[PDB]
Number of protein chains: 2
Amino acid sequence: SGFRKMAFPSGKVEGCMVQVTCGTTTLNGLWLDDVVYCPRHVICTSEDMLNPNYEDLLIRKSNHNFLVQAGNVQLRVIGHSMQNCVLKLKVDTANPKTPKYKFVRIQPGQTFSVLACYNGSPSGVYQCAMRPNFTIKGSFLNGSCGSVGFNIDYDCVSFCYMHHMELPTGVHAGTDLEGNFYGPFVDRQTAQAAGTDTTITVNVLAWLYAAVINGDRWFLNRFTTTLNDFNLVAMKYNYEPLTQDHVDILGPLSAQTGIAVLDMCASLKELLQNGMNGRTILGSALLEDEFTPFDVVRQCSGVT
Amino acid sequence: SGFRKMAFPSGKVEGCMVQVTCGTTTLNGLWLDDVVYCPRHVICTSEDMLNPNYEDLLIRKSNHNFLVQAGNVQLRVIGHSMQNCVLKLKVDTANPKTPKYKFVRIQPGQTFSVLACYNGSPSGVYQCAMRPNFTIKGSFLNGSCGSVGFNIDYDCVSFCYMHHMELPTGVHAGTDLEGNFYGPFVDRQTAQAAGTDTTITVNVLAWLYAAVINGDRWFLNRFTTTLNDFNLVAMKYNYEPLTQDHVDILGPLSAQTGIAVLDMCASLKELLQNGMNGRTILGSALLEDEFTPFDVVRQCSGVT
Ligand SMILES: O=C1C[C@@](O)(C(=O)Nc2cncc3ccccc23)c2cc(Cl)ccc2N1
Ligand SMILES: O=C1C[C@@](O)(C(=O)Nc2cncc3ccccc23)c2cc(Cl)ccc2N1
């Protein structure tokens with residue numbers, strides 16, 4: 001028992017991290033097969049970042065201007081291309097530590113592990129969620145650019161996120177591995193509005209099921225609700241509306257605990273209207289929305 | 001910016017995890033050089049665990065009864081010995097993935113990363129603290145035994161914890177890598193009292209400094225205090241007494257923020273006496289004690 005914000009083991013991703021330098025800018029790159037992926041802002045100077053013309057800036061660059069270092073050995077760049085907001089540097093050596101992998105674009109509300117890196121070196125691993133507004137509440141400093149987000153299914157690493165920037169608000173923005181930003185964000189040093197964020201309702205319900213599985217049951221009540229009634233409350237508290245799709249994904253947890261989804265919704269409704277009254281759930285004094293129903297079942301069943 | 005409960009990258013430890021079977025019991029082992037370390041309860045049956053005579057039980061076992069599997073290849077056991085609560089299985093092959101390592105016994109209040117494993121396979125990584133009462137609030141299911149806790153300093157892995165058991169209270173207990181339990185715990189299926197736990201005061205102060213570094217400053221007040229006055233409050237709220245040693249370790253954070261340690265103590269005193277009033281600090285509605293002053297500086301400076 002016990003419930004922790006658990007990240008995937010980072011080993012398969014650590015073997016892919018490289019350092020990419022172009023001019024005076026150094027950031028992280030992801031080496032898979034004979035290709036290194038990194039943010040396209042690696043080609044910028046400080047004056048360029050205010051309004052960069054990436055096409056023009058990349059033209060002034062040659063393969064030899066991209067210094068790729070894997071650990072302490074240098075990689076030879078034989079090709080360069082821009083795909084949306086990432087650069088793909090073709091190297092002459094295939095990474096011998098390339099795991100089985102996929103590039104996937106995650107949906108908001110889904111979770112992933114981030115391997116924070118500096119100078120191509122892994123420094124830490126943490127679990128986070130893609131916010132409904134397409135930002136991530138990470139932990140990233142200057143040089144962290146190029147760090148990736150991923151999920152692991154047995155031996156396959158699904159890369160879903162590459163870190164690009166920190167908005168003036170302190171939240172983080174980035175792309176999938178094809179260079180498409182999640183959200184309305186652009187890779188420019190400009191004020192950018194992230195939308196109104198909401199709480200991931202299905203995840204909070206999954207975490208309430210994890211609390212029940214782990215003995216924390218004080219919040220359970222003698223009430224039930226309807227999807228429509230619950231959603232009136234969810235709207236008032238900036239929670240994502242619950243759909244039958246969310247109810248269906250909560251099926252396994254509803255079966256394991258024997259608590260119908262709408263009964264757990266009623267518990268959540270009372271928690272939202274009345275607060276925690278100074279109590280905690282799984283060691284937290286607020287409602288946690290960074291565990292999906294899949295995460296809760298995985299952790300509560302020990303999937304390796 | 002941003003502050004996350006970050007674990008160390010688990011790659012160096014994943015390369016050491018093996019599966020150890022003895023009779024019908026399977027748990028995790030740690031393969032370093034030509035030695036596999038695992039909990040000595042691997043030699044027990046269910047009836048044995050109530051009051052095991054480990055010396056007698058181990059006598060009935062031979063090298064060939066210990067099945068050690070690294071990934072999918074079998075290791076040949078050429079020696080077996082019990083050291084306190086761990087078994088050391090000498091194998092004829094040195095682990096080619098053995099990182100530079102040390103066995104260290106951590107002090108209560110210190111933190112470490114856990115690589116949760118099942119059947120010798122890593123399933124997740126999370127950061128936790130050794131509670132002042134020598135328990136850990138982990139996330140462990142049956143089969144997790146043998147999972148280890150560690151810290152990483154550049155290329156050196158300091159192993160500090162091996163998981164042994166879950167107490168009836170849901171908290172976790174285990175040993176250092178020499179088999180010495182942290183706390184009064186014994187490896188028996190018996191009711192065991194963990195002492196009264198306290199909050200790691202120096203860690204909460206470090207986390208308050210991390211909040212200040214990250215912009216969350218609402219809790220800062222126009223007050224100061226003395227070590228003696230603050231400790232009267234710490235005693236009342238089950239917080240560890242603050243010593244000049246803790247003040248000295250907070251030095252770097254006091255210098256970075258320009259907030260004297262006793263001024264931060266006064267902020268903490270008001271937070272303890274008056275609560276959070278429905279506000280949050282670094283996304284948390286309670287006072288976090290699982291980040292040491294070293295963790296805060298490391299994360300806030302990006303040490304790889
Ligand atoms: O300040 C910058 C540099 C930049 O490379 C960046 O934000 N990176 C970092 C990434 N993540 C977190 C950070 C925290 C502290 C400083 C830097 C961070 C950058 C890139 C873009 Cl596409 C737009 C604006 C900027 N503005
Ligand atoms: O139930 C048991 C089996 C035992 O191997 C154990 O607790 N392991 C597990 C370890 N960690 C978490 C768990 C959670 C759920 C079940 C098992 C857990 C065990 C070992 C000892 Cl030295 C004493 C009592 C016991 N009692």
Side-chain angles (χ1 to χ4, degrees), chain A residues 1-2 25-28 38-46 48-52 54 85-86 114 116-118 135-147 162-175 179 181 185-192 213-215 300-302, chain B residues 1-2 25-28 38-46 48-52 54 85-86 114 116-118 135-147 162-175 179 181 185-192 213-215 300-302:
Chain A
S1 69
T25 315
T26 294
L27 46 58
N28 306 289
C38 75
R40 73 175 173 168
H41 71 251
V42 69
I43 75 185
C44 299
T45 74
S46 278
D48 282 328
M49 288 308 314
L50 291 166
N51 187 48
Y54 288 97
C85 302
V86 300
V114 169
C117 298
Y118 301 87
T135 62
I136 79 167
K137 302 187 176 166
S139 179
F140 288 121
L141 303 178
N142 178 230
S144 67
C145 304
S147 294
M162 173 164 275
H163 185 56
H164 285 242
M165 56 173 193
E166 180 169 302
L167 299 171
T169 60
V171 287
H172 304 104
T175 74
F181 262 91
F185 308 112
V186 298
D187 48 357
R188 287 167 210 174
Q189 187 177 314
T190 199
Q192 301 178 48
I213 294 172
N214 287 284
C300 294
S301 88
Chain B
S1 69
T25 315
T26 294
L27 46 58
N28 306 289
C38 75
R40 73 175 173 168
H41 71 251
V42 69
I43 75 185
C44 299
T45 74
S46 278
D48 282 328
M49 288 308 314
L50 291 166
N51 187 48
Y54 288 97
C85 302
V86 300
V114 169
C117 298
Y118 301 87
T135 62
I136 79 167
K137 302 187 176 166
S139 179
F140 288 121
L141 303 178
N142 178 230
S144 67
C145 304
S147 294
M162 173 164 275
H163 185 56
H164 285 242
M165 56 173 193
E166 180 169 302
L167 299 171
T169 60
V171 287
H172 304 104
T175 74
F181 262 91
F185 308 112
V186 298
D187 48 357
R188 287 167 210 174
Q189 187 177 314
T190 199
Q192 301 178 48
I213 294 172
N214 287 284
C300 294
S301 88

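In what follows, every chain begins at residue 1, and chains take the letters A, B, ... in the order their sequences are listed. As the structure lists them, so they are numbered: ligands from 1, and atoms in each ligand from 1. Just so you know, these numbers use all the heavy atoms, side chains as well, and skip hydrogens, waters and symmetry mates.
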A/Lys137 side, atom NZ; B/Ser1 side, atom OG - distance, nearest 0.5 Å: 13.0 Å
N/O separation below 3.5 Å, A/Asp187 to ligand 1: no
Short side-chain to backbone donor-acceptor contact, A/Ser139 and B/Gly2, under 3.5 Å: yes
Parallel, tilted or perpendicular: ring planes of B/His163 versus B/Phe140, cut at 30 and 60 degrees: parallel
A/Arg188 and ligand 1 - part of the residue with a heavy-atom distance under 4.0 Å: backbone
Within-cutoff protein neighbour (heavy atom, under 4.0 Å) for atom 4 (C) of ligand 2: no
Distance, nearest 0.5 Å, that separates CG of B/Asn28 from OG of B/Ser144: 7.5 Å
Protein heavy-atom partner closest to atom 7 (O) of ligand 2 - residue, atom, separation in Å: B/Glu166 N, 3.4 Å
Straight-line distance of A/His172 NE2 to A/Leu167 CG, nearest 0.5 Å: 8.0 Å
Inter-residue atom distance A/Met49.CE - A/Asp187.CG, 0.5 Å rounding: 6.0 Å
Location of contacts on B/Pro39 toward ligand 2, heavy atoms closer than 4.0 Å: neither
Location of contacts on B/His41 toward ligand 2, heavy atoms closer than 4.0 Å: side chain
Atom 12 (C) of ligand 1 protein-contacted, heavy-atom criterion under 4.0 angstrom: yes
Sub-4.0 Å atoms of ligand 1 with respect to non-hydrogen atoms of A/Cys145: 5 (O), 8 (N), 9 (C), 10 (C)
Ligand-side contact atoms (ligand 1) for residue partner A/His163, heavy atom cut-off under 4.0 Å: 10 (C), 11 (N), 12 (C)
Whether A/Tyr118 side chain and B/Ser301 backbone form a donor-acceptor pair below 3.5 Å: no
Option of least heavy-atom distance to atom 26 (N) of ligand 2 (set: B/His172, B/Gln189, B/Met165, B/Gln192): B/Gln189
Interatomic spacing from CG in B/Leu27 to CE in B/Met162 - rounded to 0.5 Å: 8.5 Å
Enumerated ligand 2 atoms positioned under 4.0 Å from heavy atoms of B/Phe140: 11 (N), 12 (C), 13 (C), 14 (C)
Protein heavy atom at shortest distance from atom 15 (C) of ligand 1: A/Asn142 N, 3.8 Å
For atom 21 (C) of ligand 2, the protein heavy atom that lies nearest, with its residue and separation: B/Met49 CE, 3.4 Å
Polar atom proximity, B/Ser144 to ligand 2 (N or O, under 3.5 Å): yes
Pairwise distance OG1(B/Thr135) to CE(B/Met165) - rounded to 0.5 angstrom: 10.5 Å
